[PDB]
Amino acid sequence: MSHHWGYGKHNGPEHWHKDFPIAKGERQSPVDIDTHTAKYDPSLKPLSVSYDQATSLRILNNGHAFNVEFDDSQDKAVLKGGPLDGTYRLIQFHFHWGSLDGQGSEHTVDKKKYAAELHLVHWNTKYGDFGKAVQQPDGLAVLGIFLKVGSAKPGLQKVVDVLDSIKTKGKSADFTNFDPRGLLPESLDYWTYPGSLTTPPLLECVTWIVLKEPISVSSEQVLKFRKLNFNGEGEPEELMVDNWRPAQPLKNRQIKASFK
Ligand SMILES: O[B-]1(O)OCc2ccccc21
Ligand SMILES: OB1OCc2ccccc21
Ligand SMILES: OB1OCc2ccccc21
Ligand SMILES: [Zn+2]
């Protein structure tokens, strides 16, 4: 019932440029990762993902995805190294997923679409908070992880099991004591490039770090994502599926690989 951007024919990615002309900008995300033209950069550092002191707080259905939110008021869960200068603090994670196992990811790999994509969102501590960070060209670092359907991911199950309590837009629930390390693959090999948010306001503030190795989740786990709703409670049901933006033009960018 409310006026909002979304993923429908009438309010989806093809419309967003009218309110957010940066949608047609020079560093938009996601992109297709052409693995054959990405260059290995020996100058890149190992990525340092340090999530041992992470403090999860809450899970929220914001009408576009669900966010698992963290206490970012101290250096507790940080990303550094790789392509990054300085230290970026974890604020939230969320996913993008499809109506069918053959689509759902935002980034693609040689045109391959995965069933879903996880975004671990971090802000550059030099700018003091998330709101100020998104006003900067190096304000955010997003760790992107592909999901394929296969074996269950045990570290995902606590998330799946709470989704029924946040079915509709605006619902939240406690989500303490969640260890986000259980959402990572074994390998930290990655691609990186400069880009943007993949949702309005589409701000060009992101260093993307996209892991090469997908995680596998079960058919049952991703089905439960698809029972969420875009609508509010008491409104007609519109399933939260296909909340992904398609690949955008690479323009004058290079994608760098951390591996040979
Ligand atoms: O993928 B997204 O555009 O969704 C919300 C978000 C927040 C921070 C960085 C990137 C994103
Ligand atoms: O502001 B709007 O939110 C959803 C929608 C659908 C059609 C036309 C306008 C709007
Ligand atoms: O600029 B827009 O064209 C269609 C629409 C729907 C919802 C929100 C914004 C827009
Ligand atoms: Zn995202």
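Every number in this text was worked out from the coordinates using simple rules, so none of it is lab data. Cβ coordinates were reconstructed from backbone atoms using ideal geometry, including for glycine residues, and neighbour counts include every protein chain displayed.
A count restricted to the stretch 166-189 and to residues that are within 22 Å of residue 154 (Cβ to Cβ) and surrounded by fewer than 18 Cβ atoms within 10 Å (Cβ to Cβ) stands at 10. The set of residues from the stretch 11-60 being in contact with a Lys or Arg (Cβ under 6 Å, 6 or more places away or on another chain) and among the aromatic types (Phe, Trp, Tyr) comprises 40, 51.
Could you tell me whether residue 75 is touching a residue at least 40 places away in the same chain (Cβ under 8 Å) and within 16 Å of ligand 3 (Cβ to nearest atom)? I'd like the intermediate steps shown before the answer.
Working: touching a residue at least 40 places away in the same chain (Cβ under 8 Å): yes; within 16 Å of ligand 3 (Cβ to nearest atom): no.
It is false that residue 75 is touching a residue at least 40 places away in the same chain (Cβ under 8 Å) and within 16 Å of ligand 3 (Cβ to nearest atom).
Sub-7 Å Cβ pairs linking a first residue in the stretch 1-13 that is closer than 22 Å to residue 248 by Cα to a second residue that is not in a loop (DSSP other than H, G, I, E, B), at least 6 apart or interchain, are 5/16, ordered by first then second residue.
Any chance you could count how many residues in the stretch 121-144 are assigned to a loop (DSSP other than H, G, I, E, B) and not polar (S, T, N, Q)?
Of all residues in the stretch 121-144, those assigned to a loop (DSSP other than H, G, I, E, B) come to 128-129, 134-139.
From what is left, the residues that are not polar (S, T, N, Q) are 128-129, 134, 137-139.
Residues in the stretch 121-144 being assigned to a loop (DSSP other than H, G, I, E, B) and not polar (S, T, N, Q): 6 in total.
Scanning the stretch 100-120 for residues that are without any contact (Cβ under 8 Å) to a residue 60 or more places away in the chain, in a strand (DSSP E or B) and more than 14 Å from ligand 4 (Cβ to nearest atom) turns up at least one hit. Scan the stretch 50-62 and tell me whether some residue there is under 18 Å from residue 133 (Cβ atoms), surrounded by fewer than 16 Cβ atoms within 10 Å (Cβ to Cβ), more than 16 Å from ligand 2 (Cβ to nearest atom) and in contact (Cβ under 8 Å) with a residue 12 or more places away in the chain. The answer is no; no qualifying residue exists. For the stretch 15-51: of the residues being more than 24 Å from residue 192 (Cα to Cα) and over 20 Å from the mean Cα position of the chain (by Cα), which is farthest from ligand 3 (Cβ to nearest atom)? Only one residue fits best here, namely 21. Of everything in the stretch 212-231 that is within 15 Å of the chain's Cα centre (by Cα) and surrounded by fewer than 22 Cβ atoms within 10 Å (Cβ to Cβ), the residue that is nearest to residue 2 (Cα to Cα) is 214.
Of everything listed in (1) assigned to a loop (DSSP other than H, G, I, E, B); (2) surrounded by fewer than 18 Cβ atoms within 10 Å (Cβ to Cβ), the single unmet condition for residue 84 is (2).
Which residue is nearest to residue 213 (Cα to Cα), if the candidates are limited to the stretch 126-160 and must be crowded, with 16+ Cβ neighbours inside 10 Å and among the small types (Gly, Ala, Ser)? The selected residue is 144.
Looking only at residues that are of a type in the set (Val, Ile, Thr) and farther than 21 Å from residue 243 by Cβ in the stretch 1-50, which one is nearest to ligand 4 (Cβ to nearest atom)?
If we filter the stretch 1-50 for residues that are of a type in the set (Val, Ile, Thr), which is where we start, we get 22, 31, 33, 35, 37, 49.
In the following step, the residues that additionally are farther than 21 Å from residue 243 by Cβ were identified as 35, 37, 49.
Values: 35: 22, 37: 24, 49: 18 Å.
By that ranking, first place goes to 49.
Of the numbered criteria (1) assigned to a loop (DSSP other than H, G, I, E, B); (2) closer than 23 Å to residue 123 by Cβ, the one residue 159 fails is (1).
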